[PDB]
>>> print(open('coords.csv').read())   # CSV, N, CA and C atoms
chain,number,residue,atom,x,y,z
A,194,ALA,N,29.7,-54.1,28.3
A,194,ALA,CA,29.9,-52.9,28.9
A,194,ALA,C,28.9,-51.8,28.5
A,195,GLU,N,28.5,-51.9,27.2
A,195,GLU,CA,27.5,-50.9,26.7
A,195,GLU,C,26.5,-51.6,25.8
A,196,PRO,N,25.4,-52.1,26.5
A,196,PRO,CA,24.3,-52.8,25.8
A,196,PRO,C,23.5,-51.9,24.9
A,197,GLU,N,23.4,-50.6,25.3
A,197,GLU,CA,22.6,-49.7,24.6
A,197,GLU,C,23.2,-49.2,23.3
A,198,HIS,N,24.5,-49.4,23.2
A,198,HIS,CA,25.3,-49.0,22.0
A,198,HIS,C,24.5,-48.8,20.6
A,199,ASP,N,23.8,-49.8,20.2
A,199,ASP,CA,23.1,-49.8,18.9
A,199,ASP,C,21.8,-49.0,18.8
A,200,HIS,N,21.1,-48.9,20.0
A,200,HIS,CA,19.9,-48.1,20.0
A,200,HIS,C,20.2,-46.6,20.0
A,201,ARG,N,21.2,-46.3,20.8
A,201,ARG,CA,21.8,-45.0,21.0
A,201,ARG,C,22.2,-44.3,19.6
A,202,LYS,N,22.8,-45.1,18.8
A,202,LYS,CA,23.2,-44.5,17.5
A,202,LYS,C,22.1,-44.5,16.5
A,203,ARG,N,21.1,-45.3,16.7
A,203,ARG,CA,19.9,-45.2,15.9
A,203,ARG,C,19.1,-43.9,16.3
A,204,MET,N,19.1,-43.7,17.6
A,204,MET,CA,18.5,-42.5,18.1
A,204,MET,C,19.3,-41.4,17.6
A,205,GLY,N,20.6,-41.4,17.9
A,205,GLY,CA,21.6,-40.5,17.4
A,205,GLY,C,21.4,-40.1,16.0
A,206,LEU,N,21.2,-41.1,15.1
A,206,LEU,CA,20.9,-40.8,13.7
A,206,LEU,C,19.7,-39.8,13.7
A,207,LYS,N,18.6,-40.3,14.2
A,207,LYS,CA,17.4,-39.5,14.3
A,207,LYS,C,17.6,-38.1,14.8
A,208,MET,N,18.5,-37.9,15.8
A,208,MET,CA,18.8,-36.6,16.4
A,208,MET,C,19.4,-35.6,15.4
A,209,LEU,N,20.3,-36.1,14.5
A,209,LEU,CA,20.9,-35.3,13.5
A,209,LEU,C,19.9,-35.0,12.4
A,210,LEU,N,19.1,-36.0,12.1
A,210,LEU,CA,18.2,-35.9,11.0
A,210,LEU,C,17.1,-34.9,11.4
A,211,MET,N,16.6,-35.0,12.6
A,211,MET,CA,15.6,-34.1,13.1
A,211,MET,C,16.2,-32.7,13.2
A,212,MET,N,17.4,-32.6,13.8
A,212,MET,CA,18.1,-31.4,14.0
A,212,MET,C,18.4,-30.7,12.8
A,213,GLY,N,18.6,-31.5,11.7
A,213,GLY,CA,18.8,-30.9,10.4
A,213,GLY,C,17.6,-30.4,9.8
A,214,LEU,N,16.4,-30.8,10.3
A,214,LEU,CA,15.2,-30.2,9.8
A,214,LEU,C,14.8,-29.0,10.6
A,215,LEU,N,14.8,-29.1,11.9
A,215,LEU,CA,14.4,-28.1,12.9
A,215,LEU,C,15.3,-26.9,12.9
A,216,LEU,N,16.6,-27.1,12.9
A,216,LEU,CA,17.5,-26.0,13.0
A,216,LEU,C,17.3,-25.0,11.9
A,217,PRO,N,17.3,-25.3,10.6
A,217,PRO,CA,17.1,-24.4,9.5
A,217,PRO,C,15.7,-23.7,9.7
A,218,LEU,N,14.7,-24.5,10.0
A,218,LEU,CA,13.3,-24.0,10.2
A,218,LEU,C,13.2,-23.0,11.4
A,219,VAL,N,13.6,-23.3,12.6
A,219,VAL,CA,13.6,-22.4,13.7
A,219,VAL,C,14.4,-21.1,13.4
A,220,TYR,N,15.5,-21.3,12.7
A,220,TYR,CA,16.3,-20.2,12.4
A,220,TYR,C,15.5,-19.3,11.5
A,221,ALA,N,14.8,-19.8,10.5
A,221,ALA,CA,14.0,-19.1,9.6
A,221,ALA,C,12.8,-18.3,10.3
A,222,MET,N,12.3,-19.0,11.4
A,222,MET,CA,11.2,-18.3,12.1
A,222,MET,C,11.7,-17.1,12.8
A,223,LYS,N,13.0,-17.2,13.3
A,223,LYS,CA,13.5,-16.1,14.0
A,223,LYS,C,13.9,-14.9,13.1
A,224,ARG,N,14.4,-15.3,11.9
A,224,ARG,CA,14.7,-14.2,10.9
A,224,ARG,C,13.5,-13.5,10.5
A,225,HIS,N,12.4,-14.2,10.2
A,225,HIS,CA,11.1,-13.7,9.8
A,225,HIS,C,10.7,-12.6,10.8
A,226,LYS,N,10.7,-12.9,12.1
A,226,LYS,CA,10.2,-12.0,13.1
A,226,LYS,C,11.2,-10.8,13.3
A,227,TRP,N,12.5,-11.1,13.1
A,227,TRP,CA,13.5,-10.1,13.2
A,227,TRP,C,13.6,-9.2,12.0
A,228,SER,N,13.0,-9.6,10.9
A,228,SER,CA,13.0,-8.9,9.6
A,228,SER,C,12.8,-7.4,9.8
A,229,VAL,N,11.7,-7.1,10.5
A,229,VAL,CA,11.3,-5.8,10.9
A,229,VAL,C,12.3,-4.9,11.5
A,230,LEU,N,13.2,-5.4,12.3
A,230,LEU,CA,14.3,-4.7,12.8
A,230,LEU,C,15.4,-4.6,11.9
A,231,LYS,N,15.8,-5.7,11.3
A,231,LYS,CA,17.0,-5.8,10.4
A,231,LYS,C,16.9,-4.8,9.2
A,232,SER,N,15.7,-4.6,8.6
A,232,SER,CA,15.6,-3.7,7.5
A,232,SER,C,15.0,-2.4,7.9
A,233,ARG,N,14.7,-2.1,9.1
A,233,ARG,CA,14.2,-0.8,9.5
A,233,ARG,C,15.2,0.3,9.1
A,234,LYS,N,14.6,1.5,8.8
A,234,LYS,CA,15.5,2.6,8.4
A,234,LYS,C,15.2,3.8,9.3
A,235,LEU,N,16.3,4.5,9.7
A,235,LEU,CA,16.2,5.7,10.6
A,235,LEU,C,16.5,7.0,9.8
A,236,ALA,N,15.9,8.1,10.4
A,236,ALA,CA,16.1,9.4,9.8
A,236,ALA,C,16.0,10.4,11.0
A,237,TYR,N,16.9,11.3,11.1
A,237,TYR,CA,16.9,12.3,12.2
A,237,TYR,C,16.4,13.6,11.5
A,238,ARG,N,15.5,14.3,12.1
A,238,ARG,CA,15.0,15.5,11.4
A,238,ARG,C,14.8,16.5,12.5
A,239,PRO,N,15.8,17.1,13.0
A,239,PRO,CA,15.7,18.1,14.1
A,239,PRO,C,15.3,19.5,13.5
A,240,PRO,N,14.7,20.3,14.3
A,240,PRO,CA,14.3,21.7,13.9
A,240,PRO,C,15.5,22.5,13.3
B,180,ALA,N,4.4,26.6,-17.0
B,180,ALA,CA,4.3,25.6,-18.0
B,180,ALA,C,3.9,24.2,-17.4
B,181,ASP,N,4.4,23.9,-16.2
B,181,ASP,CA,4.1,22.7,-15.5
B,181,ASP,C,2.6,22.7,-15.2
B,182,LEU,N,2.1,23.9,-14.9
B,182,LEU,CA,0.6,24.1,-14.5
B,182,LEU,C,-0.2,23.9,-15.8
B,183,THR,N,0.1,24.7,-16.8
B,183,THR,CA,-0.7,24.7,-18.0
B,183,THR,C,-0.8,23.3,-18.6
B,184,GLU,N,0.3,22.6,-18.6
B,184,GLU,CA,0.4,21.2,-19.1
B,184,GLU,C,-0.5,20.3,-18.2
B,185,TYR,N,-0.4,20.4,-16.9
B,185,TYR,CA,-1.3,19.6,-16.0
B,185,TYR,C,-2.7,19.9,-16.2
B,186,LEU,N,-3.1,21.1,-16.5
B,186,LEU,CA,-4.4,21.6,-16.8
B,186,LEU,C,-4.9,20.9,-18.1
B,187,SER,N,-4.2,21.2,-19.2
B,187,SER,CA,-4.6,20.6,-20.5
B,187,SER,C,-4.7,19.1,-20.4
B,188,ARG,N,-3.8,18.5,-19.7
B,188,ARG,CA,-3.7,17.1,-19.5
B,188,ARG,C,-5.0,16.5,-18.8
B,189,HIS,N,-5.5,17.3,-17.9
B,189,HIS,CA,-6.6,16.9,-17.0
B,189,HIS,C,-7.9,17.5,-17.0
B,190,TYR,N,-8.0,18.8,-17.2
B,190,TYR,CA,-9.3,19.5,-17.2
B,190,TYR,C,-9.9,19.3,-18.5
B,191,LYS,N,-10.2,18.1,-18.8
B,191,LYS,CA,-10.8,17.8,-20.1
B,191,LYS,C,-12.2,17.2,-19.9
B,192,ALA,N,-13.2,17.7,-20.7
B,192,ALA,CA,-14.6,17.4,-20.6
B,192,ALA,C,-15.0,16.1,-20.0
B,193,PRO,N,-14.7,14.9,-20.6
B,193,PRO,CA,-15.1,13.6,-20.1
B,193,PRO,C,-14.7,13.3,-18.7
B,194,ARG,N,-14.0,14.1,-18.0
B,194,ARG,CA,-13.6,13.8,-16.6
B,194,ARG,C,-14.1,14.9,-15.7
B,195,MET,N,-15.1,15.7,-16.3
B,195,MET,CA,-15.7,16.7,-15.5
B,195,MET,C,-17.2,16.5,-15.5
B,196,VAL,N,-17.8,16.9,-14.3
B,196,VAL,CA,-19.2,16.7,-14.1
B,196,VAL,C,-19.7,18.1,-13.6
B,197,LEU,N,-20.7,18.7,-14.3
B,197,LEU,CA,-21.3,20.0,-13.8
B,197,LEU,C,-22.5,19.6,-13.0
B,198,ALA,N,-22.4,19.8,-11.6
B,198,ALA,CA,-23.5,19.4,-10.7
B,198,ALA,C,-24.2,20.6,-10.1
B,199,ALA,N,-25.5,20.4,-9.8
B,199,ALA,CA,-26.2,21.4,-9.1
B,199,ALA,C,-27.4,20.8,-8.3
B,200,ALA,N,-27.7,21.5,-7.2
B,200,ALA,CA,-28.8,21.1,-6.4
B,200,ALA,C,-29.5,22.3,-5.7
B,201,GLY,N,-30.8,22.3,-5.9
B,201,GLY,CA,-31.7,23.4,-5.3
B,201,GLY,C,-32.9,23.7,-6.2
B,202,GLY,N,-33.3,24.9,-6.1
B,202,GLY,CA,-34.4,25.4,-6.9
B,202,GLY,C,-34.1,25.7,-8.3
B,203,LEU,N,-33.6,24.7,-9.0
B,203,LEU,CA,-33.2,24.9,-10.4
B,203,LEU,C,-34.1,24.0,-11.2
B,204,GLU,N,-33.9,23.8,-12.5
B,204,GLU,CA,-34.6,22.9,-13.3
B,204,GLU,C,-33.5,22.3,-14.2
B,205,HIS,N,-33.6,21.0,-14.5
B,205,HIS,CA,-32.5,20.4,-15.3
B,205,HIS,C,-32.3,21.0,-16.6
B,206,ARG,N,-33.3,21.4,-17.4
B,206,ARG,CA,-33.1,22.0,-18.7
B,206,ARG,C,-32.3,23.3,-18.6
B,207,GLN,N,-32.5,24.1,-17.6
B,207,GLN,CA,-31.8,25.4,-17.5
B,207,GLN,C,-30.3,25.1,-17.3
B,208,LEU,N,-30.0,24.1,-16.5
B,208,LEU,CA,-28.6,23.7,-16.2
B,208,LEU,C,-28.0,23.1,-17.4
B,209,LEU,N,-28.8,22.3,-18.2
B,209,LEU,CA,-28.3,21.7,-19.4
B,209,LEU,C,-28.0,22.8,-20.4
B,210,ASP,N,-29.0,23.8,-20.6
B,210,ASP,CA,-28.8,24.9,-21.5
B,210,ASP,C,-27.6,25.7,-21.2
B,211,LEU,N,-27.4,26.0,-19.9
B,211,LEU,CA,-26.2,26.7,-19.4
B,211,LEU,C,-24.9,25.9,-19.7
B,212,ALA,N,-25.0,24.6,-19.5
B,212,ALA,CA,-23.8,23.8,-19.7
B,212,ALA,C,-23.5,23.8,-21.2
B,213,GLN,N,-24.5,23.9,-22.1
B,213,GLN,CA,-24.3,24.0,-23.5
B,213,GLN,C,-23.8,25.4,-23.9
B,214,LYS,N,-24.4,26.4,-23.2
B,214,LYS,CA,-24.0,27.8,-23.5
B,214,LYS,C,-22.6,28.1,-23.1
B,215,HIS,N,-22.3,27.9,-21.8
B,215,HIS,CA,-20.9,28.2,-21.4
B,215,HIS,C,-19.8,27.2,-21.3
B,216,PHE,N,-20.2,25.9,-21.6
B,216,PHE,CA,-19.2,24.8,-21.6
B,216,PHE,C,-18.9,24.1,-22.9
B,217,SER,N,-19.8,24.3,-23.9
B,217,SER,CA,-19.5,23.7,-25.2
B,217,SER,C,-18.2,24.2,-25.7
B,218,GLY,N,-17.2,23.4,-26.1
B,218,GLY,CA,-15.9,23.8,-26.6
B,218,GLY,C,-14.8,23.5,-25.6
B,219,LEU,N,-14.7,22.2,-25.2
B,219,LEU,CA,-13.6,21.7,-24.3
B,219,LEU,C,-12.9,20.5,-24.9
B,220,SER,N,-13.7,19.6,-25.4
B,220,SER,CA,-13.2,18.4,-26.1
B,220,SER,C,-13.6,18.5,-27.6
B,221,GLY,N,-13.5,19.7,-28.1
B,221,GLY,CA,-13.7,19.9,-29.6
B,221,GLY,C,-12.4,19.4,-30.2
B,222,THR,N,-11.5,19.0,-29.3
B,222,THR,CA,-10.2,18.4,-29.6
B,222,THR,C,-10.4,16.9,-29.2
B,223,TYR,N,-9.9,16.6,-28.0
B,223,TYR,CA,-10.0,15.2,-27.5
B,223,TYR,C,-8.6,14.5,-28.0
B,224,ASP,N,-7.9,13.9,-27.1
B,224,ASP,CA,-6.6,13.5,-27.5
B,224,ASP,C,-6.4,12.1,-28.2
B,225,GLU,N,-5.4,12.1,-29.1
B,225,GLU,CA,-4.9,10.8,-29.7
B,225,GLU,C,-4.2,10.2,-28.6
B,226,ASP,N,-3.2,9.3,-28.8
B,226,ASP,CA,-2.5,8.7,-27.7
B,226,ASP,C,-2.0,9.8,-26.8
B,227,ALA,N,-2.7,9.9,-25.7
B,227,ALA,CA,-2.3,10.9,-24.6
B,227,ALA,C,-1.6,10.0,-23.5
B,228,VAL,N,-2.5,9.4,-22.7
B,228,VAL,CA,-2.2,8.4,-21.6
B,228,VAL,C,-2.8,8.7,-20.2
B,229,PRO,N,-4.2,9.0,-20.2
B,229,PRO,CA,-4.8,9.4,-18.9
B,229,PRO,C,-5.2,8.2,-18.0
B,230,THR,N,-4.6,7.0,-18.1
B,230,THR,CA,-4.9,5.8,-17.3
B,230,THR,C,-4.3,5.8,-15.9
B,231,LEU,N,-5.1,5.3,-14.9
B,231,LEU,CA,-4.7,5.1,-13.5
B,231,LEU,C,-4.2,3.7,-13.2
B,232,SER,N,-3.0,3.6,-12.8
B,232,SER,CA,-2.4,2.3,-12.5
B,232,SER,C,-2.8,2.0,-11.0
B,233,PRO,N,-3.0,0.7,-10.7
B,233,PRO,CA,-3.3,0.3,-9.3
B,233,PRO,C,-2.2,0.6,-8.3
B,234,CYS,N,-2.5,0.8,-7.1
B,234,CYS,CA,-1.5,1.1,-6.1
B,234,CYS,C,-1.3,0.1,-5.1
B,235,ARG,N,-0.1,-0.4,-5.1
B,235,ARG,CA,0.4,-1.4,-4.1
B,235,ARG,C,0.2,-0.9,-2.7
B,236,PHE,N,-0.5,-1.7,-1.9
B,236,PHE,CA,-0.6,-1.4,-0.4
B,236,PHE,C,0.5,-2.2,0.3
B,237,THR,N,1.2,-1.5,1.3
B,237,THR,CA,2.3,-2.2,2.0
B,237,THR,C,2.1,-2.2,3.6
B,238,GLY,N,2.2,-3.4,4.1
B,238,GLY,CA,2.1,-3.6,5.5
B,238,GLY,C,3.4,-3.1,6.1
B,239,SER,N,3.3,-1.9,6.7
B,239,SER,CA,4.4,-1.2,7.2
B,239,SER,C,4.1,-0.2,8.3
B,240,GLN,N,5.1,0.4,8.8
B,240,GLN,CA,5.0,1.3,9.9
B,240,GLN,C,5.8,2.5,9.8
B,241,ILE,N,5.3,3.6,10.1
B,241,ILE,CA,6.1,4.8,10.1
B,241,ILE,C,5.9,5.5,11.5
B,242,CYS,N,7.0,5.7,12.2
B,242,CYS,CA,7.0,6.2,13.5
B,242,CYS,C,7.8,7.5,13.6
B,243,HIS,N,7.2,8.6,13.9
B,243,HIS,CA,7.8,9.8,14.0
B,243,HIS,C,7.8,10.2,15.5
B,244,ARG,N,8.9,9.8,16.2
B,244,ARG,CA,9.0,10.0,17.6
B,244,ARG,C,9.3,11.4,17.9
B,245,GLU,N,8.5,12.0,18.8
B,245,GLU,CA,8.7,13.4,19.2
B,245,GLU,C,8.1,13.6,20.7
B,246,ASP,N,8.9,13.4,21.7
B,246,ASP,CA,8.5,13.5,23.1
B,246,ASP,C,8.2,14.9,23.5
B,247,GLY,N,8.4,15.8,22.7
B,247,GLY,CA,8.0,17.2,23.0
B,247,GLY,C,6.6,17.5,22.7
B,248,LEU,N,5.9,16.6,22.1
B,248,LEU,CA,4.4,16.8,21.8
B,248,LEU,C,3.6,16.2,23.0
B,249,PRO,N,2.5,16.8,23.4
B,249,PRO,CA,1.8,16.4,24.6
B,249,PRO,C,0.9,15.1,24.5
B,250,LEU,N,0.5,14.8,23.3
B,250,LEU,CA,-0.3,13.6,23.1
B,250,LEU,C,0.2,12.9,21.8
B,251,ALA,N,0.0,11.6,21.8
B,251,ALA,CA,0.3,10.8,20.6
B,251,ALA,C,-0.8,10.7,19.6
B,252,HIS,N,-0.4,10.7,18.3
B,252,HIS,CA,-1.4,10.4,17.3
B,252,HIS,C,-1.0,9.1,16.7
B,253,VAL,N,-2.0,8.2,16.5
B,253,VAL,CA,-1.8,6.9,15.9
B,253,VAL,C,-3.0,6.6,14.9
B,254,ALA,N,-2.6,6.1,13.7
B,254,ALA,CA,-3.6,5.7,12.7
B,254,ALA,C,-3.2,4.3,12.1
B,255,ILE,N,-4.0,3.3,12.3
B,255,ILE,CA,-3.8,2.0,11.8
B,255,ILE,C,-4.8,1.7,10.7
B,256,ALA,N,-4.4,1.1,9.6
B,256,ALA,CA,-5.3,0.6,8.6
B,256,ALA,C,-4.8,-0.6,7.8
B,257,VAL,N,-5.9,-1.3,7.4
B,257,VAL,CA,-5.7,-2.5,6.5
B,257,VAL,C,-6.1,-2.0,5.1
B,258,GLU,N,-5.8,-2.9,4.1
B,258,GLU,CA,-6.2,-2.4,2.7
B,258,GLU,C,-7.7,-2.5,2.4
B,259,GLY,N,-8.3,-1.4,2.1
B,259,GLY,CA,-9.7,-1.3,1.7
B,259,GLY,C,-9.9,-1.8,0.3
B,260,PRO,N,-11.1,-2.0,-0.1
B,260,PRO,CA,-11.4,-2.5,-1.5
B,260,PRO,C,-11.5,-1.4,-2.6
B,261,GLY,N,-12.0,-0.3,-2.3
B,261,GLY,CA,-12.2,0.7,-3.3
B,261,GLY,C,-13.6,1.2,-3.5
B,262,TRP,N,-13.8,2.4,-4.0
B,262,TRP,CA,-15.1,3.0,-4.3
B,262,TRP,C,-16.2,2.1,-4.8
B,263,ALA,N,-15.8,1.2,-5.7
B,263,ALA,CA,-16.9,0.4,-6.4
B,263,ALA,C,-17.4,-0.8,-5.6
B,264,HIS,N,-16.6,-1.4,-4.8
B,264,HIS,CA,-16.9,-2.7,-4.1
B,264,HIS,C,-18.1,-2.6,-3.2
B,265,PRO,N,-19.1,-3.5,-3.4
B,265,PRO,CA,-20.3,-3.5,-2.5
B,265,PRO,C,-19.9,-3.8,-1.0
B,266,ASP,N,-18.7,-4.4,-0.8
B,266,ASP,CA,-18.3,-4.7,0.6
B,266,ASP,C,-18.2,-3.5,1.5
B,267,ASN,N,-18.2,-2.3,0.9
B,267,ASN,CA,-18.1,-1.1,1.6
B,267,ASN,C,-19.3,-0.8,2.5
B,268,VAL,N,-20.4,-1.3,2.2
B,268,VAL,CA,-21.6,-1.1,3.0
B,268,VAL,C,-21.5,-1.8,4.3
>>> encode(input="coords.csv", output="structure tokens")
Amino acid sequence: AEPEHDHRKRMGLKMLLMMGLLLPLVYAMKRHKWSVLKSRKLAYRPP
Amino acid sequence: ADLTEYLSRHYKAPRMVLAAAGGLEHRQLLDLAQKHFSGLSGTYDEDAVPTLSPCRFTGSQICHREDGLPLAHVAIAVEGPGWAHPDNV
């Protein structure tokens, strides 16, 4: 019924293994670029 | 007192240069320097602390938004090397 069964889970392995590399990395890329906003400071100085 | 202390701290001979340019002669200027300037570092400090620490340069931005002003002023810069570096030329 499911001949692909074994290849799929070998791929599936690779998907979690790769995802476990890329996820943290891409997340870190976004934080880097968003740094500038996250730590920005404001001040109001009206007359 | 803040002023007198800043003065004493800084207006000390070895950090001063008496300069001139024109129809003068070096000896006259040297004579005058000796006549009117001798007696500044007749002291000279023990542990004082006149050293300059290097200054951290930071990649940053300061934006003072004011839409009431008719034109924008903007100034960008990277870190330069300093007076001594030949790269300046």
>>> interface_residues(input="coords.csv", of="chain B", to="chain A", cutoff="12 Å", atoms="only C-alpha atoms", output="VMD selection string")
chain B and resid 238 to 245 247
>>> write_last_selection(input="coords.csv", atoms="N, CA and C atoms", output="PDB file, in the frame of the given file")
ATOM      1  N   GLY B 238       2.200  -3.400   4.100  1.00  0.00           N
ATOM      2  CA  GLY B 238       2.100  -3.600   5.500  1.00  0.00           C
ATOM      3  C   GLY B 238       3.400  -3.100   6.100  1.00  0.00           C
ATOM      4  N   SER B 239       3.300  -1.900   6.700  1.00  0.00           N
ATOM      5  CA  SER B 239       4.400  -1.200   7.200  1.00  0.00           C
ATOM      6  C   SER B 239       4.100  -0.200   8.300  1.00  0.00           C
ATOM      7  N   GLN B 240       5.100   0.400   8.800  1.00  0.00           N
ATOM      8  CA  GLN B 240       5.000   1.300   9.900  1.00  0.00           C
ATOM      9  C   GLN B 240       5.800   2.500   9.800  1.00  0.00           C
ATOM     10  N   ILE B 241       5.300   3.600  10.100  1.00  0.00           N
ATOM     11  CA  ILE B 241       6.100   4.800  10.100  1.00  0.00           C
ATOM     12  C   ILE B 241       5.900   5.500  11.500  1.00  0.00           C
ATOM     13  N   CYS B 242       7.000   5.700  12.200  1.00  0.00           N
ATOM     14  CA  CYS B 242       7.000   6.200  13.500  1.00  0.00           C
ATOM     15  C   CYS B 242       7.800   7.500  13.600  1.00  0.00           C
ATOM     16  N   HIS B 243       7.200   8.600  13.900  1.00  0.00           N
ATOM     17  CA  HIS B 243       7.800   9.800  14.000  1.00  0.00           C
ATOM     18  C   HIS B 243       7.800  10.200  15.500  1.00  0.00           C
ATOM     19  N   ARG B 244       8.900   9.800  16.200  1.00  0.00           N
ATOM     20  CA  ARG B 244       9.000  10.000  17.600  1.00  0.00           C
ATOM     21  C   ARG B 244       9.300  11.400  17.900  1.00  0.00           C
ATOM     22  N   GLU B 245       8.500  12.000  18.800  1.00  0.00           N
ATOM     23  CA  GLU B 245       8.700  13.400  19.200  1.00  0.00           C
ATOM     24  C   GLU B 245       8.100  13.600  20.700  1.00  0.00           C
ATOM     25  N   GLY B 247       8.400  15.800  22.700  1.00  0.00           N
ATOM     26  CA  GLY B 247       8.000  17.200  23.000  1.00  0.00           C
ATOM     27  C   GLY B 247       6.600  17.500  22.700  1.00  0.00           C
TER      28      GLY B 247
END
>>> select_by_dssp(input="coords.csv", residues="stretch 188-256 of chain B", states="alpha helix (DSSP H)", output="number ranges by chain")
B: 188-189, 205-216
>>> atom_distance(input="coords.csv", atom1="atom C of residue B:205", atom2="atom N of residue B:218")
18.0 Å
>>> atom_distance(input="coords.csv", atom1="atom CA of residue B:199", atom2="atom CA of residue B:212")
11.1 Å
>>> axis_aligned_box(input="coords.csv", around="stretch 192-211 of chain B", padding_each_side="4 Å", output="AutoDock Vina command-line options")
--center_x -23.9 --center_y 20.0 --center_z -13.4 --size_x 29.4 --size_y 21.4 --size_z 24.2
>>> atom_distance(input="coords.csv", atom1="atom C of residue A:210", atom2="atom CA of residue A:194")
28.2 Å
>>> decode(input="coords.csv", residues="stretch 222-239 of chain A", atoms="C-alpha atoms", output="PDB file, in the first residue's frame")
ATOM      1  CA  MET A 222      19.208  36.573  10.719  1.00  0.00           C
ATOM      2  CA  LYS A 223      15.920  38.228  11.439  1.00  0.00           C
ATOM      3  CA  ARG A 224      16.842  39.247  14.980  1.00  0.00           C
ATOM      4  CA  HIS A 225      20.110  40.789  13.672  1.00  0.00           C
ATOM      5  CA  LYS A 226      18.256  42.984  11.221  1.00  0.00           C
ATOM      6  CA  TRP A 227      15.503  43.787  13.709  1.00  0.00           C
ATOM      7  CA  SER A 228      18.149  44.713  16.389  1.00  0.00           C
ATOM      8  CA  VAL A 229      18.008  48.309  15.281  1.00  0.00           C
ATOM      9  CA  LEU A 230      14.347  48.603  16.057  1.00  0.00           C
ATOM     10  CA  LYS A 231      14.254  46.442  19.165  1.00  0.00           C
ATOM     11  CA  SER A 232      16.836  48.489  21.025  1.00  0.00           C
ATOM     12  CA  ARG A 233      16.019  51.928  19.512  1.00  0.00           C
ATOM     13  CA  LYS A 234      15.332  54.612  22.116  1.00  0.00           C
ATOM     14  CA  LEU A 235      12.839  57.528  21.880  1.00  0.00           C
ATOM     15  CA  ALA A 236      12.776  60.997  23.452  1.00  0.00           C
ATOM     16  CA  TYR A 237      10.170  63.777  23.056  1.00  0.00           C
ATOM     17  CA  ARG A 238      11.529  67.257  23.328  1.00  0.00           C
ATOM     18  CA  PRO A 239       8.815  69.818  22.622  1.00  0.00           C
TER      19      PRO A 239
END
